[PDB]
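Line by line, the protein sequences give chains R and F.
For what it's worth, my numbering labels the leading residue of the first sequence as 28, then goes sequentially.
For what it's worth, my numbering labels the leading residue of the second sequence as 87, then goes sequentially.
The structure appears below as structure tokens.
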Amino acid sequence: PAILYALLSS
Amino acid sequence: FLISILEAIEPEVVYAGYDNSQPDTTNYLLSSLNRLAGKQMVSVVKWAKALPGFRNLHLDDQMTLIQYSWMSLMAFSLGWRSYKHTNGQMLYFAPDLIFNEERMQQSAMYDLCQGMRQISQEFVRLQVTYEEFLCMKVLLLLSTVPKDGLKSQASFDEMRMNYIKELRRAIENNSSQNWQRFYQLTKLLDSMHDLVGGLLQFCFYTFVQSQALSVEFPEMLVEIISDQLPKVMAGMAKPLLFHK
Ligand SMILES: C[C@]12CC[C@H]3[C@@H](CCC4=CC(=O)CC[C@@]43C)[C@@H]1CC[C@@H]2C(=O)CO
């Protein structure tokens with residue numbers, strides 16, 4: 028879940 | 087004022103970006119819902135991060151929790167919206183996409199729609215308050231975990247208990263009456279699991295044959311589902327129930 032991970036870590 | 091916070095971080099309404107000039111085929115109806123889901127996903131993520139205690143958890147868990155509960159969170163919020171707007175007679179997916187009897191039929195998932203409407207009806211029967219709803223919603227985010235456990239297990243357990251207590255606070259009244267209320271509200275929470283099981287089964291089925299069925303899914307959902315699906319089929323997740 029690339030898009031999700033990037034959204035959760037910012 | 088933990089609820090004051092829950093009230094402030096509650097996501098603003100999300101529109102589907104639905105085009106009513108298009109024929110409501112099963113393909114268009116489901117693809118539109120999937121689009122709405124992608125847009126709602128962004129909102130649940132931004133909401134989770136603002137959740138007191140969620141950030142204290144390992145990133146891996148944060149990922150896992152949202153991944154396992156997004157369907158339950160959205161179905162539950164759908165239940166609330168349908169309750170406040172139509173007293174549970176119709177599915178208020180979004181202001182621009184309300185499912186009536188006709189769309190439920192052409193959707194090809196009438197039964198799942200009724201299952202979801204049933205949640206809305208429970209809100210009606212119980213006259214669930216906005217505060218009770220907010221607390222319950224958080225519990226949902228914390229009710230489907232990996233059989234093997236979370237990395238911030240302790241941090242997780244504390245958080246869950248705090249929100250459960252917050253629910254009790256929301257629940258004036260006498261002690262026995264408050265107990266009965268808690269019992270009934272947690273019964274509703276446990277019921278989500280069976281509903282979600284069915285919702286997820288159709289989601290995975292349409293996802294697998296997406297191109298062949300011409301059912302579109304937004305990229306964000308594709309990644310989530312692609313990773314989640316195998317985990318669910320492998321029975322890696324378990325519910326945290328309140329009742330036998
Ligand atoms: C996933 C799904 C479309 C998206 C919805 C979901 C049911 C719960 C739900 C509530 C919302 O307020 C946003 C749409 C949505 C997330 C449906 C279950 C089956 C259906 C499909 O499988 C369409 O392909």
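Cβ atoms here follow ideal geometry from the backbone N, Cα and C, with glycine treated the same way.
> By the criterion of Cβ-Cβ separation under 8 Å, what are the contact partners of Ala-33(R) in chain F?
Replying inline: What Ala-33(R) touches in chain F: nothing, since even the nearest Cβ is about 10 Å away.
> Can you give, in chain order, each stretch of the alpha helix (DSSP H) that sits fully within the segment 194-281 of chain F and has at least 4 residues?
Replying inline: Within the segment 194-281 of chain F, the runs of alpha helix (DSSP H) at least 4 residues long that lie entirely inside it are, in chain order, 196-212, 216-227, 239-256.
> Of all the CB atoms in chain R, is at least one closer than 8 Å to the CB of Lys-237(F)?
Replying inline: no
> Exposed or buried, which one is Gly-165(F) when buried takes at least 16 other CB atoms within 10 Å?
Replying inline: Classification for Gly-165(F): buried.
>> Only counting the same chain, and skipping five residues up and downstream in sequence, which positions put a Cβ closer than 8 Å to that of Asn-113(F)?
In response: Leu-299, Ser-300, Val-301
> Which chain R residues are close to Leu-145(F), counting only those with a beta carbon under 8 Å from its beta carbon?
Replying inline: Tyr-32, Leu-35, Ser-36
> What three-state label does DSSP hand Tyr-178(F) in the structure shown?
Replying inline: Judged by DSSP in its simplified three-state form, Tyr-178(F) adopts strand.
> Do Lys-135(F) and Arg-141(F) have their C-beta atoms within less than 8 Å of each other?
Replying inline: yes
> Just checking, does the segment 194-212 of chain F make contact with the segment 232-248 of chain F on the three C-beta pairs under 8 Å criterion?
Replying inline: These segments do not touch.
>> Using beta carbons (cut-off 8 Å, strictly below), is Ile-184(F) in contact with chain R?
In response: no
> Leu-115(F) lies in the alpha helix (DSSP H); which residues open and close that run?
Replying inline: 112-135
> Pick from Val-294(F), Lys-324(F), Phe-328(F): whose alpha carbon is nearest that of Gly-235(F)?
Replying inline: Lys-324(F)
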